[PDB]
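Chemist: Please read through the structure below; I'll follow up with questions.
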Amino acid sequence: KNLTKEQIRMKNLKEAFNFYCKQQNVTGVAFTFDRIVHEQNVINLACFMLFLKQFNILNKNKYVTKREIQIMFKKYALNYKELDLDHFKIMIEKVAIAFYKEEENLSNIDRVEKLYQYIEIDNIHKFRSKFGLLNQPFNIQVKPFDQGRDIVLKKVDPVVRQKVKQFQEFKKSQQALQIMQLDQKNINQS
Amino acid sequence: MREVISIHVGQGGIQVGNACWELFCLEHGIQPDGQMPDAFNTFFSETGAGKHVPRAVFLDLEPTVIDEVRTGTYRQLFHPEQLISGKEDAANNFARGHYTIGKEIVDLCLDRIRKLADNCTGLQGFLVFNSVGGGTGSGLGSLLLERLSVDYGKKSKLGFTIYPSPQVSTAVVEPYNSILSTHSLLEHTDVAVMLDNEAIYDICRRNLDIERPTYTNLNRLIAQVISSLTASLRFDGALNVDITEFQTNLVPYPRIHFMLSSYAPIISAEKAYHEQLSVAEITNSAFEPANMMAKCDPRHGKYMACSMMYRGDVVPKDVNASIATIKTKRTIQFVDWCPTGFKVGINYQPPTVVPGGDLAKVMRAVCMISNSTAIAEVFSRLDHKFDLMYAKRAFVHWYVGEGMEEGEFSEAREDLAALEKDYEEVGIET
Amino acid sequence: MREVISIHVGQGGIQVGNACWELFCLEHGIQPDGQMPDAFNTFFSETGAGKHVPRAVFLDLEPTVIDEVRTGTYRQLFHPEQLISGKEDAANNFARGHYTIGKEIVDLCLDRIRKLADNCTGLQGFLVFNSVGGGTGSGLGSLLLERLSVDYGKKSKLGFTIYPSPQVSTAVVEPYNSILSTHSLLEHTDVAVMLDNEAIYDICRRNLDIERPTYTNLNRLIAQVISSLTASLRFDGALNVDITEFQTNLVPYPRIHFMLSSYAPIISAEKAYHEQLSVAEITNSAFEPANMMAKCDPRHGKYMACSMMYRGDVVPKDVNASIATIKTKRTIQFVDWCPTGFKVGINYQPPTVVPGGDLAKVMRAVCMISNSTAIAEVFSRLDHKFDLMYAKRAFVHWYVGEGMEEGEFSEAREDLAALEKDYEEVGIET
Amino acid sequence: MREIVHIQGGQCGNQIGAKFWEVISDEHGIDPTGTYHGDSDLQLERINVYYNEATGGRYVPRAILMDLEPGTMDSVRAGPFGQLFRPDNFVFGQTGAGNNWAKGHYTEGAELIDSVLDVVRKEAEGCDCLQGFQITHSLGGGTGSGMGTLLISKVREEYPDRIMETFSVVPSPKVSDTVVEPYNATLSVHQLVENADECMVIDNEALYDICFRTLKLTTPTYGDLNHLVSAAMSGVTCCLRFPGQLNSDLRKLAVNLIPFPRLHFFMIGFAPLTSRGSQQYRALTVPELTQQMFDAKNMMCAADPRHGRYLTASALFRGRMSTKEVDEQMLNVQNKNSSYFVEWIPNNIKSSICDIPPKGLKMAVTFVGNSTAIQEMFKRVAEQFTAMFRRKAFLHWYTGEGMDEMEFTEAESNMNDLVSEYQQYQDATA
Amino acid sequence: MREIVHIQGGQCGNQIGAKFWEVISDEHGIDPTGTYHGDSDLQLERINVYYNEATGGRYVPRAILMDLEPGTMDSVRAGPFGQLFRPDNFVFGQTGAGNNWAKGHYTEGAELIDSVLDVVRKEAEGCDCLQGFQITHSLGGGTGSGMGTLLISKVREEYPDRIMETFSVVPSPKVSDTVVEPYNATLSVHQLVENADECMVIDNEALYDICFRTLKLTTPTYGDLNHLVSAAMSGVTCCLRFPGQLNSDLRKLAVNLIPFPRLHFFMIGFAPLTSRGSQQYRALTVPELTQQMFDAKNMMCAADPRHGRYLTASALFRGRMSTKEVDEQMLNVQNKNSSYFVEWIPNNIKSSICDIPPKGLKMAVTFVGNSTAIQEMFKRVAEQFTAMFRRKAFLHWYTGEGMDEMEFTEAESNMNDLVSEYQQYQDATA
Ligand SMILES: Nc1nc2c(ncn2[C@@H]2O[C@H](COP(=O)(O)OP(=O)(O)OP(=O)(O)O)[C@@H](O)[C@H]2O)c(=O)[nH]1
Ligand SMILES: Nc1nc2c(ncn2[C@@H]2O[C@H](COP(=O)(O)OP(=O)(O)OP(=O)(O)O)[C@@H](O)[C@H]2O)c(=O)[nH]1
Ligand SMILES: Nc1nc2c(ncn2[C@@H]2O[C@H](COP(=O)(O)OP(=O)(O)O)[C@@H](O)[C@H]2O)c(=O)[nH]1
Ligand SMILES: Nc1nc2c(ncn2[C@@H]2O[C@H](COP(=O)(O)OP(=O)(O)O)[C@@H](O)[C@H]2O)c(=O)[nH]1
Ligand SMILES: [Mg+2]
Ligand SMILES: [Mg+2]
């Protein structure tokens with residue numbers, strides 16, 4: 001299967017969007033599942049700043065400071081609080097225009113293209129490796145041998161099983177012979 | 001329905017058998033006359049009404065010790081005709097007690113063994129005691145083991161041999177018969193425990209604070225070790241261990257079954273109660289190299305497997321918390337191919353005290369049976385002592401003239417060389 | 001779940017350890033046999049049923065004091081094999097106890113320390129006691145501190161050293177080993193408290209009105225100071241202080257951690273109750289130069305930080321109203337770069353009295369630990385005493401022949417010069 | 001109807017059953033003499049699940065006790081509630097296995113198992129509608145891990161459509177009591193995956209950790225570990241013996257917790273657990289139960305459940321409570337921990353409610369979760385196995401009874417394949 | 001609805017909460033066993049604000065208690081009303097911080113905070129409609145001022161739209177109990193301004209002054225200071241739990257008292273306060289309440305409010321009274337003191353009336369005023385900080401745990417900028 005150039009980019013951007021939507025620290029008690037589903041499909045200001053920080057854009061110049069990003073977010077966000085996937089794309093384009101604002105010779109399209117190269121969005125593995133959390137464990141009240149143990153199971157492999165394989169066929173033939181000998185003993189004792 | 005038969009041969013064997021048989025009778029409440037004024041069944045048998053008879057047999061060619069036994073306070077306990085006695089001593093000559101005078105006595109002993117075995121229904125195994133550096137002891141022990149290995153087969157036999165000290169010695173010819181007896185029991189005994197006298201002398205001097213010990217003090221400690229080993233068969237415990245559950249846990253390979261023991265605590269009543277005797281400190285003292293019951297340094301070799309018994313009010317979690325501390329220490333290192341090497345047993349009955357003895361009454365004790373690679377030093381030094389006199393063929397005429405062939409000395413030397421090579425081959429990491 | 005381990009080395013260390021261990025046992029209701037007829041856990045450990053075992057270890061190369069301990073009324077309290085004893089004394093020679101005979105004993109002590117530490121789960125830190133003007137005390141203290149600093153690392157260690165008096169002295173060679181031990185513990189101990197005997201003699205004479213004191217009277221006061229310092233860990237209080245909350249409050253710089261202590265009130269029952277012992281008067285008495293526990297004049301130097309503990313029914317507002325009065329006085333001046341220098345702790349448990357002792361029972365007490373710039377005088381006078389004999393190389397042959405190098409004396413002198421320069425550099429205003 | 005029979009083997013299994021049956025009898029009000037003395041009508045309606053009826057009105061458990069040595073069953077009979085067991089169901093040998101898997105599975109266990117299979121067949125053929133079997137045994141012993149697993153295959157061959165439970169204690173490397181544990185653990189895991197419909201691993205190390213940290217009792221014993229295991233065992237089948245809002249037999253759990261036939265190794269935990277001193281502080285509410293239920297330290301295994309992702313989970317609430325709260329809390333525990341739940345199977349938590357709480361408690365919860373974090377136990381077991389096997393240590397004991405190294409190689413390969421294919425789904429994504 | 005959860009940290013915060021919850025329980029008639037025994041219907045209508053419901057009808061506070069040492073929470077449990085707290089919410093470490101901010105914020109506080117954040121998330125996700133959080137902690141301690149402030153940032157990052165309260169005790173230079181107070185005060189004020197929606201400073205010196213002058217009681221203790229702080233804390237949220245003429249939640253106060261987002265540091269006071277002997281002389285009237293409310297000595301801070309001009313003020317009257325009198329008195333207190341009120345914001349006093357008075361009192365008032373006089377506290381704190389920092393005193397303790405001097409410089413600069421820009425509006429004119 002394949003995706004369009006803006007979309008492959010669009011597919012990778014959607015993957016980043018869906019990842020950061022799930023990082024939201026939702027404040028409040030006893031939510032509806034509709035609200036939880038809504039909040040999983042939108043990015044808040046904190047998660048958008050986290051995205052810009054992890055991609056090394058936040059506070060890099062005077063046009064991408066925490067305050068400037070907050071003003072931009074309130075101006076372009078849905079309900080002044082939330083970004084959907086389309087508003088997230090628009091916000092990244094606005095951040096690209098702000099981030100490269102001092103480069104007068106660049107068109108707005110070239111500024112967005114330069115930002116997409118800067119975040120390495122065309123390489124899904126490098127793009128995904130920049131995704132960072134906020135926090136979770138799986139609820140487990142936590143606190144010489146800690147270093148990890150990669151139990152490399154011995155390949156009972158094509159060369160190794162071969163004898164073992166040959167051995168399974170031999171063992172089946174021996175069991176069939178023992179059944180035939182038990183049947184022949186039952187027939188010869190009969 | 002679980003039984004065990006103990007064999008005592010030679011002067012040292014009989015003198016340690018006396019030591020263990022005061023302790024067992026005291027521990028089971030049986031008076032010296034044999035009369036009580038269901039745990040006894042492991043060592044004793046009921047006669048129907050009244051007295052109990054030990055499942056033990058005493059062997060010797062020299063009659064003095066048996067006559068001393070048959071006139072002491074324990075004259076009424078033992079069956080009159082299981083104290084087999086000879087007329088002529090082997091006189092420290094191994095060839096005598098294996099070829100000349102032991103053969104005419106061994107048949108009566110085997111008949112007694114059969115008569116005792118037919119009574120038992122759940123026979124766990126045999127115990128044997130013999131001081132190695134003597135003629136009759138080593139020779140008759142070898143002959144009895146060789147006969148039993150074919151009469152019964154797979155039954156387990158345990159040997160509590162007393163090897164000579166590194167430098168302290170009573171005889172002058174004991175390396176010869178020690179090497180020959182090691183040859184004989186290498187392929188014939190399932191477990192052999194080291195018991196040389198010098199280490200136990202040092203233990204008594206340092207802990208018991210006795211400056212003039214005699215053989216009885218040594219034999220009492222050995223008896224306590226035996227009681228600690230066999231307590232699990234006759235008392236209720238949270239984590240039991242049987243005799244047959246040893247070659248599966250302490251014996252990595254059929255050739256390697258020589259291990260050395262230790263015991264803790266050893267302390268007198270004058271200063272025992274001033275300290276709390278926690279489980280951690282006793283299990284630390286048990287692993288101290290100076291408290292080994294055989295004069296060998298465990299720091300010179302790796303460990304292979306450690307089987308160590310507790311008794312008293314010890315709790316398993318405290319035992320685990322102390323095994324972890326020992327695994328932590330950098331001065332004790334185990335062999336590479338053994339990740340876990342500890343077998344733990346816990347029993348509830350505290351050790352019993354013998355009146356007029358040295359040890360005091362305590363609520364916790366630990367006995368360890370540890371198999372280590374460092375044991376090869378005693379074999380090497382015994383071999384060096386043997387070679388010095390075998391170079392000039394000294395004292396050989398006392399052995400050739402008793403029916404033994406000339407070449408019999410060489411093959412024992414070859415088997416010791418093979419054992420020493422095997423111990424080196426096992427201890428190298430992969 | 002909070003623990004501390006105290007180390008006692010040398011004759012003076014053992015004799016002050018005895019003094020503190022009557023007091024702790026009395027304060028927690030434990031009989032001398034160790035049996036009670038959840039605050040004990042800081043100093044003791046539960047054995048499961050009955051007795052308690054102190055978290056202390058006694059060290060000495062000379063056996064007389066340990067033998068006296070093991071026969072007194074406290075023979076049943078301490079664990080029998082944590083009273084490590086040697087055979088040959090160092091005989092006031094520092095090189096002996098650091099290079100010749102202390103090395104063979106230090107391994108057992110470290111094994112005991114490990115066995116005690118594995119039991120604790122919330123180990124706060126270590127305490128150590130040693131009289132500095134002796135061979136085994138200073139040498140073994142230095143070696144133990146050096147081993148512990150690398151075995152454990154960041155764990156806190158506190159040293160209650162007893163330096164020699166300005167003019168009163170018992171030995172003739174104590175400046176040498178005092179200087180060497182100061183060198184050793186300068187870079188290895190987190191806190192060092194001054195304890196010279198002359199000041200405490202004057203305290204006893206003036207307040208307790210005893211004209212013929214012995215060492216026990218001094219050790220009881222030291223034990224009371226220790227109890228006051230560690231009360232906050234085992235009793236409920238309105239303003240708690242932990243051991244780890246010291247280097248953040250009393251130690252401005254890593255090199256400067258020598259401070260001198262004081263205690264108040266000190267009064268006998270014959271005239272104690274005639275006066276009200278208000279908090280203001282006791283906190284005034286604690287700051288009196290004549291009541292310093294070390295013979296140093298605080299009027300000769302600035303203060304850096306004062307940590308002072310109360311216990312009893314004291315109310316915080318009365319404490320603040322008394323800190324203000326002290327800040328008011330013109331004879332006590334603090335360093336410029338320290339606007340506030342007081343750390344205050346309040347505890348509810350009144351000090352306990354030992355029967356047959358000197359101190360009476362009171363409801364309020366104060367113990368201060370104060371770091372001041374005036375401490376450099378003791379270093380200067382010890383240095384002057386050292387130089388007089390080191391000019392002619394007197395008594396050096398007793399040290400060179402015990403394995404120590406010739407140049408080892410000079411670098412201790414250089415470190416003392418560096419410390420004295422540092423104390424002068426810190427005390428100047430900006 | 002839909003009742004199950006109890007079969008236990010080995011010493012560990014016998015000790016587990018000795019408390020499981022006591023707990024069941026106390027729950028149903030059955031006196032140790034087999035006479036009902038309960039209070040509620042519901043206590044007798046479904047008593048046919050575990051108890052049979054005999055003349056005279058007394059009740060007898062349908063339990064079968066097997067071991068290769070008679071000591072443990074001769075000891076359990078003298079304990080409380082020991083008279084309930086029918087003497088006919090006691091089957092034992094006279095030799096024992098000595099912790100050797102080969103002896104308990106090929107030579108000795110093969111001849112004896114006919115007698116126990118006879119009584120097993122007698123018990124199953126008779127009962128109204130069979131639900132299945134539950135098995136308690138230990139993987140650290142020879143006779144247990146051999147005879148129990150061979151009996152599993154024999155039972156499965158005759159009743160392929162019934163359900164089979166196994167509560168298996170695997171040897172942890174922290175608290176090791178036997179040196180040959182890896183061999184018979186690895187050999188047993190090979191056979192256990194092929195035949196058991198459900199398996200529940202239990203570790204002594206996790207039980208000690210729980211007893212020391214949550215209950216905070218000073219001296220754990222095997223009685224406390226057995227009591228916790230017994231409560232967990234009883235919690236699973238509670239709704240099958242009592243009415244409830246959503247009854248859920250064992251087969252319903254089998255359907256909902258096993259995605260693929262080879263992934264049936266669960267780890268369990270019981271809530272609430274509180275100390276004696278804090279049992280008055282806490283208030284029993286559904287949030288309080290569910291927060292402790294998913295706590296990592298509360299699992300009966302040392303495996304850390306936040307090192308992997310749950311494939312599915314189950315909870316069996318007890319007591320009378322609202323279902324809306326249970327469902328919303330289950331949803332909340334799954335929304336706040338989405339990272340630790342596999343994403344390609346939505347709504348992977350099963351809940352059930354039983355209106356009859358345990359005696360003495362108002363609410364209780366039993367947790368059974370299938371998680372990918374269990375791989376770590378097989379990893380360390382195989383690591384020790386391959387560390388010991390590469391040198392062929394202790395191999396001769398097994399190879400002397402008809403077994404070969406090929407069965408060791410196949411077992412290791414199959415165990416490693418299980419480890420790999422169990423984590424294969426951990427990295428699987430939709 | 002619109003309920004809040006309680007989170008407290010450190011010893012001081014725990015002691016404040018131990019009285020705050022007692023006051024709340026006494027107000028709502030909840031016995032120390034969690035059983036309601038109140039008299040009025042209104043006592044139960046809005047109990048969901050602070051208390052949760054569990055099975056059995058008992059109530060449990062939704063409080064979370066955290067500290068780096070277990071002593072304080074082990075002590076608060078034994079106090080009155082100590083059983084209400086759920087044992088699951090107790091989270092603690094085994095080491096402590098030792099009044100070192102770096103240890104409680106970078107090394108130790110970072111690893112532990114995950115567990116407490118888990119229970120915090122559990123509590124907030126569940127509740128009907130969140131209003132916000134309230135935090136009690138002290139700025140004079142290490143673990144408190146570190147872990148609490150880092151938790152503030154972590155909570156703010158996840159709930160940016162909720163409201164956040166902090167009741168902070170700042171170290172006064174008069175009553176100083178810790179020498180390292182300026183460092184962790186200055187470091188904490190840096191982080192506190194960036195995240196807290198509201199902050200309320202409380203000083204021990206002002207509490208002692210109030211207790212000595214207004215109540216005129218002889219011996220103040222921490223229980224009286226805690227009681228005053230608890231009454232002030234309860235007064236703020238009274239109208240959110242009871243009906244009234246003009247309800248005003250916390251968000252409404254946030255709107256009306258904070259002109260600019262960085263000016264949210266208030267000082268509070270409670271009226272009436274009368275001595276025991278003069279409680280019969282006085283008559284409770286609105287003029288009598290309002291004259292004491294604006295009294296300078298009645299403020300809970302040593303800051304002198306006639307040294308600056310109020311930006312805004314708030315009053316929360318309690319009891320049944322006429323609104324016309326309240327409004328006219330508020331106008332009169334603003335016409336007679338026009339010099340102390342900023343002129344470019346007219347009508348800068350907010351009033352609210354709640355019809356339910358405190359138990360035992362007929363009228364009560366809680367005062368929350370945002371004034372420019374608070375600059376003096378930051379001035380003196382920064383003065384001490386820069387006096388101590390210029391010599392790098394005690395800096396190594398902080399720099400040894402990954403912190404540097406750059407974070408000290410930034411904190412000092414930001415604090416000075418806050419001081420400057422807070423007074424910038426004092427000289428501003430229209
Ligand atoms: N531990 C211990 N060893 C002993 C005792 N008696 C003798 N031995 C050792 O036994 C060695 C010699 O063998 P013995 O047992 O004395 O004599 P024997 O075994 O009967 O052999 P014969 O000399 O032929 O009678 C000596 O080197 C001693 O070290 C004893 O009572 N206790
Ligand atoms: N405060 C106090 N000081 C003591 C006491 N006993 C000895 N000292 C001091 O210790 C110094 C000498 O060291 P000691 O403790 O006596 O002997 P040591 O430390 O064991 O060193 P060695 O001489 O090698 O045994 C003397 O100068 C005394 O001032 C005591 O009981 N109390
Ligand atoms: N929970 C519990 N575990 C036990 C008990 N007794 C022994 N064990 C465990 O069982 C293991 C030894 O099993 P073993 O007795 O040799 O089994 P067997 O060979 O079938 O008799 C040890 O590692 C113990 O941890 C007990 O009473 N309770
Ligand atoms: N109101 C009040 N203040 C206290 C109490 N206990 C301590 N404090 C104050 O807290 C300060 C010390 O804080 P600290 O205990 O070190 O906080 P921590 O480091 O978080 O444990 C002191 O200056 C006291 O004024 C109390 O019970 N009530
Ligand atoms: Mg003889
Ligand atoms: Mg001395």
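So you can find residues: chains in the structure tokens are A, B, ... in the order shown, residues in each start at 1, and ligands are numbered from 1 in order.
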Contacts of range 101-103 of chain B at 9 Å or less, counting only C-alpha atoms, minus same-chain residues fewer than 2 places along, as a compact mmCIF listing (two decimals) with N, CA and C atoms, in the first residue's frame?
Modeler:
```
# COMPACT_ATOMS: atom_id res chain seq x y z
N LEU B 61 39.64 -56.46 65.83
CA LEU B 61 40.43 -57.67 66.00
C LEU B 61 41.13 -57.68 67.36
N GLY B 86 38.09 -60.19 67.62
CA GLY B 86 39.11 -61.12 67.17
C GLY B 86 40.06 -61.49 68.30
N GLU B 88 43.90 -61.60 67.35
CA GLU B 88 45.16 -60.98 66.97
C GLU B 88 44.92 -59.68 66.20
N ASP B 89 45.63 -58.63 66.62
CA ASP B 89 45.50 -57.33 66.00
C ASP B 89 46.26 -57.31 64.67
N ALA B 90 45.82 -56.44 63.76
CA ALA B 90 46.52 -56.27 62.49
C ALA B 90 47.81 -55.47 62.64
N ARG B 96 47.40 -57.11 56.45
CA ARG B 96 46.91 -58.08 57.42
C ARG B 96 45.39 -58.10 57.48
N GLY B 97 44.78 -56.93 57.66
CA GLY B 97 43.35 -56.81 57.81
C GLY B 97 42.56 -56.88 56.53
N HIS B 98 43.21 -57.17 55.41
CA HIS B 98 42.52 -57.27 54.13
C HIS B 98 42.74 -58.64 53.51
N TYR B 99 43.78 -59.35 53.96
CA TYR B 99 44.15 -60.60 53.32
C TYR B 99 44.39 -61.75 54.30
N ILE B 105 37.01 -63.22 59.80
CA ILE B 105 36.06 -62.56 60.68
C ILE B 105 34.92 -61.93 59.87
N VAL B 106 35.18 -61.59 58.60
CA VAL B 106 34.20 -60.84 57.82
C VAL B 106 32.90 -61.61 57.63
N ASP B 107 32.96 -62.94 57.62
CA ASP B 107 31.75 -63.73 57.41
C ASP B 107 30.76 -63.57 58.56
N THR B 136 43.61 -52.62 60.99
CA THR B 136 42.31 -53.27 61.02
C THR B 136 41.20 -52.33 60.57
N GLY B 139 41.58 -51.77 56.61
CA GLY B 139 41.42 -53.03 55.90
C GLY B 139 40.04 -53.64 56.01
N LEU B 140 39.50 -53.73 57.23
CA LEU B 140 38.17 -54.28 57.41
C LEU B 140 37.10 -53.36 56.84
N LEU B 143 37.13 -54.13 53.14
CA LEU B 143 36.54 -55.43 52.84
C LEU B 143 35.03 -55.43 53.05
```
Chemist: What residues in chain A lie within 10 Å of chain D, counting only C-alpha atoms, written as an MDAnalysis selection string?
Modeler: chainID A and resid 22 30:31 33 36 135:143 148:157 161 164 167
Chemist: Between CA of residue 234 in chain C and CA of residue 44 in chain C, what distance in Å does the model show, to one decimal?
Modeler: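 Pair CA of residue 234 in chain C / CA of residue 44 in chain C returns 11.4 Å.
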Chemist: Show me, as a PyMOL selection string, the residues that have an atom within 9 Å of residue 301 in chain D when counting only C-alpha atoms, minus same-chain residues fewer than 4 positions from it.
Modeler: chain D and resi 201-207+267-269+297+374
Chemist: Under the rule that only C-alpha atoms are counted, which of C:198, C:146, C:38, C:387 is the nearest residue to chain E?
Modeler: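 Counting only C-alpha atoms, the residue closest to chain E is C:38.
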